[PDB]
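Trainee: Quick one, data-v9.csv (CSV, N, CA and C atoms):
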chain,number,residue,atom,x,y,z
A,1176,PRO,N,8.7,16.1,10.1
A,1176,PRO,CA,10.0,16.0,9.4
A,1176,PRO,C,9.9,14.9,8.3
A,1177,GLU,N,11.0,14.8,7.5
A,1177,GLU,CA,11.1,13.7,6.5
A,1177,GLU,C,11.9,12.6,7.1
A,1178,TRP,N,11.4,11.4,7.0
A,1178,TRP,CA,11.9,10.2,7.5
A,1178,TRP,C,12.6,9.3,6.4
A,1179,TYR,N,13.8,8.8,6.7
A,1179,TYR,CA,14.5,8.0,5.8
A,1179,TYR,C,14.8,6.6,6.5
A,1180,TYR,N,15.3,5.7,5.7
A,1180,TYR,CA,15.7,4.4,6.2
A,1180,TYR,C,17.3,4.2,6.1
A,1181,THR,N,17.9,3.6,7.1
A,1181,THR,CA,19.3,3.3,7.1
A,1181,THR,C,19.5,1.9,7.6
A,1182,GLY,N,20.7,1.4,7.3
A,1182,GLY,CA,21.1,0.1,7.8
A,1182,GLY,C,21.5,0.2,9.3
A,1183,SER,N,21.5,-0.9,10.0
A,1183,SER,CA,21.9,-0.8,11.4
A,1183,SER,C,23.4,-0.8,11.5
A,1184,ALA,N,24.2,-1.3,10.6
A,1184,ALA,CA,25.6,-1.4,10.7
A,1184,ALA,C,26.3,-0.3,9.8
A,1185,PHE,N,25.6,0.6,9.2
A,1185,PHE,CA,26.2,1.7,8.4
A,1185,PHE,C,25.1,2.8,8.2
A,1186,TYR,N,25.5,4.0,8.4
A,1186,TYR,CA,24.6,5.1,8.3
A,1186,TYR,C,24.5,5.6,6.8
A,1187,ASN,N,23.4,5.4,6.2
A,1187,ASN,CA,23.1,5.8,4.9
A,1187,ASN,C,21.6,6.0,4.7
A,1188,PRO,N,21.1,7.2,4.7
A,1188,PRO,CA,19.7,7.5,4.5
A,1188,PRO,C,19.2,7.0,3.2
A,1189,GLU,N,18.1,6.4,3.1
A,1189,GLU,CA,17.5,5.8,1.9
A,1189,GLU,C,16.0,6.0,1.9
A,1190,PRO,N,15.4,6.1,0.8
A,1190,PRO,CA,13.9,6.2,0.7
A,1190,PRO,C,13.2,5.0,1.4
A,1191,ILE,N,12.1,5.3,2.1
A,1191,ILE,CA,11.3,4.3,2.8
A,1191,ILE,C,10.4,3.6,1.8
A,1192,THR,N,10.6,2.3,1.6
A,1192,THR,CA,9.9,1.5,0.6
A,1192,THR,C,9.4,0.2,1.2
A,1193,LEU,N,8.7,-0.6,0.5
A,1193,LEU,CA,8.2,-1.9,0.9
A,1193,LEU,C,9.3,-2.9,1.0
A,1194,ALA,N,10.5,-2.6,0.5
A,1194,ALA,CA,11.6,-3.5,0.5
A,1194,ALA,C,12.4,-3.5,1.9
A,1195,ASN,N,12.1,-2.6,2.8
A,1195,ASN,CA,12.7,-2.5,4.1
A,1195,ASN,C,11.8,-2.3,5.2
A,1196,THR,N,10.5,-2.4,5.0
A,1196,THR,CA,9.5,-2.2,6.0
A,1196,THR,C,8.5,-3.4,6.1
A,1197,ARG,N,7.9,-3.6,7.2
A,1197,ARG,CA,6.9,-4.6,7.4
A,1197,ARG,C,5.7,-3.9,8.2
A,1198,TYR,N,4.5,-4.4,7.8
A,1198,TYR,CA,3.3,-3.8,8.4
A,1198,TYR,C,3.1,-4.3,9.8
A,1199,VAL,N,2.8,-3.4,10.7
A,1199,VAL,CA,2.6,-3.8,12.1
A,1199,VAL,C,1.4,-3.1,12.6
A,1200,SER,N,0.9,-3.5,13.8
A,1200,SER,CA,-0.3,-2.9,14.4
A,1200,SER,C,0.1,-1.5,15.0
A,1201,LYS,N,-0.9,-0.7,15.2
A,1201,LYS,CA,-0.7,0.6,15.7
A,1201,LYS,C,-0.3,0.6,17.2
A,1202,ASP,N,0.7,1.4,17.5
A,1202,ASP,CA,1.2,1.7,18.8
A,1202,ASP,C,1.2,3.1,19.2
A,1203,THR,N,1.1,3.5,20.5
A,1203,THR,CA,1.0,4.8,20.9
A,1203,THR,C,2.4,5.5,20.8
A,1204,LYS,N,3.5,4.8,20.6
A,1204,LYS,CA,4.8,5.3,20.5
A,1204,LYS,C,5.2,5.6,19.1
A,1205,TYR,N,4.4,5.3,18.1
A,1205,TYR,CA,4.7,5.5,16.7
A,1205,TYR,C,4.4,6.9,16.3
A,1206,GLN,N,5.3,7.4,15.4
A,1206,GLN,CA,5.1,8.8,14.9
A,1206,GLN,C,3.9,8.9,13.9
A,1207,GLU,N,3.1,9.9,14.1
A,1207,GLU,CA,1.9,10.1,13.3
A,1207,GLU,C,2.3,11.1,12.2
A,1208,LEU,N,2.4,10.7,11.0
A,1208,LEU,CA,2.8,11.5,9.9
A,1208,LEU,C,1.6,12.1,9.2
A,1209,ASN,N,1.5,13.4,9.0
A,1209,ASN,CA,0.4,14.0,8.3
A,1209,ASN,C,0.8,14.8,7.1
A,1210,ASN,N,1.9,15.5,7.1
A,1210,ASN,CA,2.3,16.3,5.9
A,1210,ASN,C,2.9,15.5,4.8
A,1211,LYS,N,3.9,14.6,5.1
A,1211,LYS,CA,4.6,13.8,4.1
A,1211,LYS,C,4.4,12.3,4.5
A,1212,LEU,N,4.3,11.5,3.4
A,1212,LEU,CA,4.0,10.1,3.6
A,1212,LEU,C,4.9,9.2,2.7
A,1213,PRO,N,5.5,8.2,3.2
A,1213,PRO,CA,6.2,7.2,2.4
A,1213,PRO,C,5.3,6.4,1.5
A,1214,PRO,N,5.7,5.8,0.4
A,1214,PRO,CA,4.9,5.0,-0.4
A,1214,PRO,C,4.3,3.8,0.3
A,1215,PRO,N,4.9,3.2,1.3
A,1215,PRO,CA,4.2,2.2,2.1
A,1215,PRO,C,3.0,2.7,2.8
A,1216,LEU,N,3.0,4.0,3.2
A,1216,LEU,CA,1.8,4.6,3.9
A,1216,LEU,C,0.8,5.3,3.0
A,1217,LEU,N,1.3,5.6,1.8
A,1217,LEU,CA,0.4,6.3,0.9
A,1217,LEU,C,-0.6,5.4,0.2
A,1218,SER,N,-1.7,5.9,-0.3
A,1218,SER,CA,-2.7,5.1,-0.9
A,1218,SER,C,-3.2,5.8,-2.2
B,1176,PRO,N,-17.8,-20.6,10.8
B,1176,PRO,CA,-16.9,-20.1,11.9
B,1176,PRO,C,-16.1,-18.9,11.6
B,1177,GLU,N,-15.9,-18.0,12.5
B,1177,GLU,CA,-15.2,-16.8,12.4
B,1177,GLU,C,-13.8,-17.0,13.0
B,1178,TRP,N,-12.7,-16.7,12.3
B,1178,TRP,CA,-11.4,-17.0,12.7
B,1178,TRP,C,-10.7,-15.7,13.2
B,1179,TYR,N,-10.0,-15.8,14.3
B,1179,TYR,CA,-9.2,-14.6,14.8
B,1179,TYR,C,-7.7,-15.0,14.9
B,1180,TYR,N,-6.9,-14.1,15.2
B,1180,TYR,CA,-5.5,-14.3,15.4
B,1180,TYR,C,-5.1,-14.0,16.9
B,1181,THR,N,-4.2,-14.8,17.5
B,1181,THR,CA,-3.8,-14.6,18.8
B,1181,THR,C,-2.3,-14.8,18.9
B,1182,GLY,N,-1.6,-14.2,19.9
B,1182,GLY,CA,-0.2,-14.5,20.1
B,1182,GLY,C,0.0,-15.9,20.6
B,1183,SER,N,1.2,-16.4,20.4
B,1183,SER,CA,1.6,-17.7,20.8
B,1183,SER,C,1.8,-17.8,22.3
B,1184,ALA,N,2.1,-16.7,23.0
B,1184,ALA,CA,2.4,-16.7,24.4
B,1184,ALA,C,1.3,-16.1,25.3
B,1185,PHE,N,0.2,-15.6,24.7
B,1185,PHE,CA,-0.9,-15.0,25.4
B,1185,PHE,C,-2.1,-15.1,24.6
B,1186,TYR,N,-3.2,-15.6,25.2
B,1186,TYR,CA,-4.5,-15.7,24.5
B,1186,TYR,C,-5.2,-14.4,24.4
B,1187,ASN,N,-5.3,-13.8,23.2
B,1187,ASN,CA,-6.1,-12.6,23.0
B,1187,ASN,C,-6.5,-12.6,21.5
B,1188,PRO,N,-7.8,-12.9,21.2
B,1188,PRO,CA,-8.2,-12.9,19.8
B,1188,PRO,C,-8.2,-11.5,19.2
B,1189,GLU,N,-7.7,-11.4,18.0
B,1189,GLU,CA,-7.5,-10.2,17.2
B,1189,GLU,C,-8.0,-10.4,15.8
B,1190,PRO,N,-8.4,-9.3,15.1
B,1190,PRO,CA,-8.7,-9.4,13.7
B,1190,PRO,C,-7.5,-9.9,12.9
B,1191,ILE,N,-7.8,-10.7,11.8
B,1191,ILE,CA,-6.8,-11.2,11.0
B,1191,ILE,C,-6.5,-10.1,9.9
B,1192,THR,N,-5.3,-9.5,10.0
B,1192,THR,CA,-4.8,-8.5,9.1
B,1192,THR,C,-3.5,-9.0,8.4
B,1193,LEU,N,-3.0,-8.1,7.5
B,1193,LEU,CA,-1.7,-8.3,6.9
B,1193,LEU,C,-0.5,-8.1,7.8
B,1194,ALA,N,-0.8,-7.5,9.0
B,1194,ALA,CA,0.3,-7.3,9.9
B,1194,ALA,C,0.7,-8.5,10.7
B,1195,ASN,N,-0.1,-9.6,10.6
B,1195,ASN,CA,0.2,-10.8,11.3
B,1195,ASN,C,0.1,-12.1,10.5
B,1196,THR,N,0.0,-11.9,9.1
B,1196,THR,CA,-0.2,-13.1,8.2
B,1196,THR,C,0.9,-13.0,7.1
B,1197,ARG,N,1.3,-14.2,6.6
B,1197,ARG,CA,2.1,-14.3,5.5
B,1197,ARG,C,1.4,-15.1,4.4
B,1198,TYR,N,1.7,-14.8,3.2
B,1198,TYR,CA,1.0,-15.5,2.1
B,1198,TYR,C,1.8,-16.9,1.8
B,1199,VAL,N,1.0,-18.0,1.8
B,1199,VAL,CA,1.6,-19.3,1.6
B,1199,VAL,C,0.8,-20.0,0.5
B,1200,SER,N,1.4,-21.1,0.0
B,1200,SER,CA,0.8,-21.9,-1.0
B,1200,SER,C,-0.3,-22.7,-0.5
B,1201,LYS,N,-1.1,-23.3,-1.4
B,1201,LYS,CA,-2.3,-24.1,-1.0
B,1201,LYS,C,-1.9,-25.4,-0.3
B,1202,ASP,N,-2.7,-25.8,0.7
B,1202,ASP,CA,-2.5,-27.1,1.3
B,1202,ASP,C,-3.8,-27.7,1.5
B,1203,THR,N,-3.8,-29.1,1.6
B,1203,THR,CA,-5.1,-29.8,1.7
B,1203,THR,C,-5.6,-29.7,3.1
B,1204,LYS,N,-4.8,-29.4,4.1
B,1204,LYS,CA,-5.3,-29.3,5.5
B,1204,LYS,C,-5.7,-27.9,5.9
B,1205,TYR,N,-5.6,-27.0,4.9
B,1205,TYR,CA,-6.0,-25.6,5.2
B,1205,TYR,C,-7.6,-25.5,5.2
B,1206,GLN,N,-8.1,-24.6,6.0
B,1206,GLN,CA,-9.5,-24.4,6.1
B,1206,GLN,C,-10.1,-23.7,4.9
B,1207,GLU,N,-11.2,-24.2,4.3
B,1207,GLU,CA,-11.8,-23.6,3.2
B,1207,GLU,C,-12.9,-22.6,3.7
B,1208,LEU,N,-12.8,-21.3,3.3
B,1208,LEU,CA,-13.7,-20.3,3.7
B,1208,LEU,C,-14.6,-19.8,2.6
B,1209,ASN,N,-15.9,-19.8,2.8
B,1209,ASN,CA,-16.8,-19.4,1.8
B,1209,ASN,C,-17.7,-18.3,2.3
B,1210,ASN,N,-18.0,-18.2,3.6
B,1210,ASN,CA,-19.0,-17.3,4.1
B,1210,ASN,C,-18.3,-16.0,4.5
B,1211,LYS,N,-17.3,-16.0,5.4
B,1211,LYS,CA,-16.6,-14.9,5.9
B,1211,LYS,C,-15.1,-15.0,5.4
B,1212,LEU,N,-14.5,-13.8,5.2
B,1212,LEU,CA,-13.2,-13.8,4.7
B,1212,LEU,C,-12.4,-12.6,5.3
B,1213,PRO,N,-11.2,-12.9,5.8
B,1213,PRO,CA,-10.3,-11.8,6.4
B,1213,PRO,C,-9.8,-11.0,5.2
B,1214,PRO,N,-9.5,-9.7,5.5
B,1214,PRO,CA,-9.0,-8.8,4.5
B,1214,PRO,C,-7.8,-9.3,3.8
B,1215,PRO,N,-6.9,-10.1,4.4
B,1215,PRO,CA,-5.8,-10.7,3.5
B,1215,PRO,C,-6.4,-11.6,2.4
B,1216,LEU,N,-7.5,-12.3,2.7
B,1216,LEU,CA,-8.1,-13.2,1.7
B,1216,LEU,C,-9.2,-12.5,0.8
B,1217,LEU,N,-9.8,-11.4,1.4
B,1217,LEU,CA,-10.8,-10.7,0.6
B,1217,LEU,C,-10.2,-9.9,-0.5
B,1218,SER,N,-9.0,-9.3,-0.2
B,1218,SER,CA,-8.4,-8.4,-1.2
B,1218,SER,C,-7.5,-9.3,-2.1
Could you take the file, read its structure, and then write that structure out as structure tokens?

Mentor:
Amino acid sequence: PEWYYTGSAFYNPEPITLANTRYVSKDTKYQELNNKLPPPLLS
Amino acid sequence: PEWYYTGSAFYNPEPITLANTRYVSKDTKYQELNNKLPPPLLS
């Protein structure tokens, strides 16, 4: 599926960028994206 | 010497990545590295 970003105090889907994400270590509970990739995960 | 990262509440050495480091200004008490470099410093 396509993943968006929203604020915690208001529902508003937004593009996933480096202005609202932080890099973390890999966990087994994280979603593995293969078809579509946000610009933080693209290279 | 080779440097690793560990949590503050449990001792477990880990590779130094961008997921656990922040970029800071130069200081005189910081370690000078010439032989080996973490990927935050190599890139």

Trainee: For chain A against chain B, with a cut-off of 6 Å and counting all atoms listed in the file, what is the closest atom pair and its distance in Å to one decimal for every residue that makes the cut, ordered by chain and number, as JSON lines?

Mentor:
{"residue": "A:1198", "atom": "C", "partner": "B:1194", "partner_atom": "CA", "distance": 4.1}
{"residue": "A:1199", "atom": "N", "partner": "B:1194", "partner_atom": "CA", "distance": 4.7}
{"residue": "A:1200", "atom": "N", "partner": "B:1194", "partner_atom": "CA", "distance": 5.5}

Trainee: Quick one, how far is atom CA of residue B:1207 from atom CA of residue B:1180?

Mentor: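 According to the coordinates, atom CA of residue B:1207 and atom CA of residue B:1180 are separated by 16.6 Å.
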
Trainee: What lies within 12 Å of residue B:1210 using only C-alpha atoms, ignoring chain neighbours under 6 positions off, as a CSV table (one decimal) with N, CA and C atoms, keeping the file's coordinate frame?

Mentor:
chain,number,residue,atom,x,y,z
B,1176,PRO,N,-17.8,-20.6,10.8
B,1176,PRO,CA,-16.9,-20.1,11.9
B,1176,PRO,C,-16.1,-18.9,11.6
B,1177,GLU,N,-15.9,-18.0,12.5
B,1177,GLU,CA,-15.2,-16.8,12.4
B,1177,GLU,C,-13.8,-17.0,13.0
B,1178,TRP,N,-12.7,-16.7,12.3
B,1178,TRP,CA,-11.4,-17.0,12.7
B,1178,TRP,C,-10.7,-15.7,13.2
B,1216,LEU,N,-7.5,-12.3,2.7
B,1216,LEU,CA,-8.1,-13.2,1.7
B,1216,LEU,C,-9.2,-12.5,0.8
B,1217,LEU,N,-9.8,-11.4,1.4
B,1217,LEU,CA,-10.8,-10.7,0.6
B,1217,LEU,C,-10.2,-9.9,-0.5

Trainee: What is the atom C of residue A:1197-atom C of residue B:1201 distance in Å, reported with one decimal?

Mentor: 24.3 Å

Trainee: Output as an MDAnalysis selection string all residues of chain B that backbone DSSP marks as alpha helix (DSSP H).

Mentor: chainID B and resid 1214:1217

Trainee: If I take atom CA of residue B:1213 and atom C of residue A:1214, how far is one from the other in Å, to one decimal?

Mentor: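 Distance between the two atoms: 22.2 Å.
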